[PDB]
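In structure tokens, the next block holds one chain alone, the form deposited in one PDB entry.
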């Protein structure tokens, strides 16, 4: 029977792939820890072997019929293995597409404004200089260089990707991206492709009032910052958001301080005074995860992984990552110093690790999160729990008494909203525009006009000077020019709060949800572990059912999280005007 043929084939593959993947991951880790010569050729050889093996296995698996298999897990593994990808196109077209991607990445990497590069001077210049003219000049120069240089390349990329995706029985490349949130074969849990185009605009219409009030409050604060520069009814400029693309508004925290009398909670000096050796941070995070009820760390974790920078003589990457090399090897690569940010990043990375240890029993092809969003929410909720005053008081670094005055809560919630709720409209607008461009409903002649009118409508941001058709603003962003999906952040931002509310309710915590704690609640740990262990063997709808009891994403917990801030904003904005007008322009 073909069923047993597929089972035997997967049985052989699992072992072969496990071995080759361990070799490749070990070589990559040895390069990242030791970036010297003779470590690059090894990485390239290992990656080439792994890619050739994957392609040959795909060709071999292409022979077996797919619809015949019916075990719903062997079928999943075979379907995951059968992905032609770029092999459908001719060799010359594939080479040209690879060249286009490489040259776009190179152009993005190498950009000069005059000398002045992107990192780190330009971002730091925009962060704190707070001068209208020079910030406008830098923004306009960067746009008029990058967008000018990548227009025809982007058009050719669009058409090539669209035809390639149409070659694989999909509708468009946007549909190929949307196909990640696909489940079939399980009645009562099916999720169609087109349902993701909904549940995003529909859910965004629920969160409109909070974003509107936050936008009005930030507008008023900017009016305070720049008196005779912004109309009371006009929209915000693009170069006053405090960031290059306006993806995050956190840089505007200094201007939009709710109450400057009460400072924020900072315990860095507490860790400095007690001389935390940068190893006890990980011990404390491990103790937290044990108190929740999750398994202890592997013995080899404490010896194989690196936490302190190797030194001045040897240079290594300090980008924090959590490596799962397979065969029972889990490591963490992160340069740690004494700071609250390092504490929260350590908690997030150990959350990643504890997720990885949960589904190690699954076969090789099913060792991933249920969808592309479940892996970051689990990491973020640990930081959310460990940032509360309760857990900070549990350890001795924070003073046992404190003040817990409401101003502190308002300030913390405002600062958190400037980052969490100020990025949903931008991500939604960008993804919607890219979907409509790939679908072809938006012709070539109306790219920039559509982009800027959508910016005026949804995000409420107006460009400083008009741009002709030759400009290309979306291509300036990192993810756009590097061929990455950008819808993951929007869904993660909601799954995070869904999980937090479910865990807090299961822990019978009373009071506001923004000051909830999960430590010393073994029932919450068990409920979370019952979903972590699942892996990718179940539809993400049923996996979501095991935590919150719902089969779809919802924005209500997110609105309840900012409830004190919502009331304070209502009271503060009852006088000032609410809304934006697209007619007004800076020029």
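Positions refer to the first chain, counted from 1.
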| item | value |
| --- | --- |
| Missing from the model but present in the deposited sequence, between residue 114 and residue 115 | 4 to 9 |
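What comes next is about the form solved in complex with a partner chain, which does not appear here.
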{"item": "Residue stretch of 469 to 477, 443 to 451, 202 to 210, 325 to 333 approaching its partner chain in the bound PDB entry, non-hydrogen atom distance within 4.5 Å", "value": "325 to 333"}
{"item": "Any non-hydrogen atom of residue 529 within 4.5 angstroms of its partner chain in the bound PDB entry", "value": "no"}
{"item": "Touches its partner chain in the bound PDB entry: residue 365 (any heavy atom, 4.5 Å)", "value": "yes"}
{"item": "Residue 568 within 4.5 Å of its partner chain in the bound PDB entry, heavy atoms", "value": "no"}
{"item": "4.5 Å heavy atom contact, residue 32 and its partner chain in the bound PDB entry", "value": "yes"}
{"item": "Answer option from 148, 283, 319, 221, heavy atom within 4.5 Å of its partner chain in the bound PDB entry", "value": "319"}
{"item": "Position in contact with its partner chain when the complex is considered in the bound PDB entry, options 28, 554, 541, 519, heavy atoms within 4.5 Å", "value": "28"}
{"item": "All of 259, 426 and 461 within 4.5 Å of its partner chain in the bound PDB entry, heavy atom check", "value": "no"}
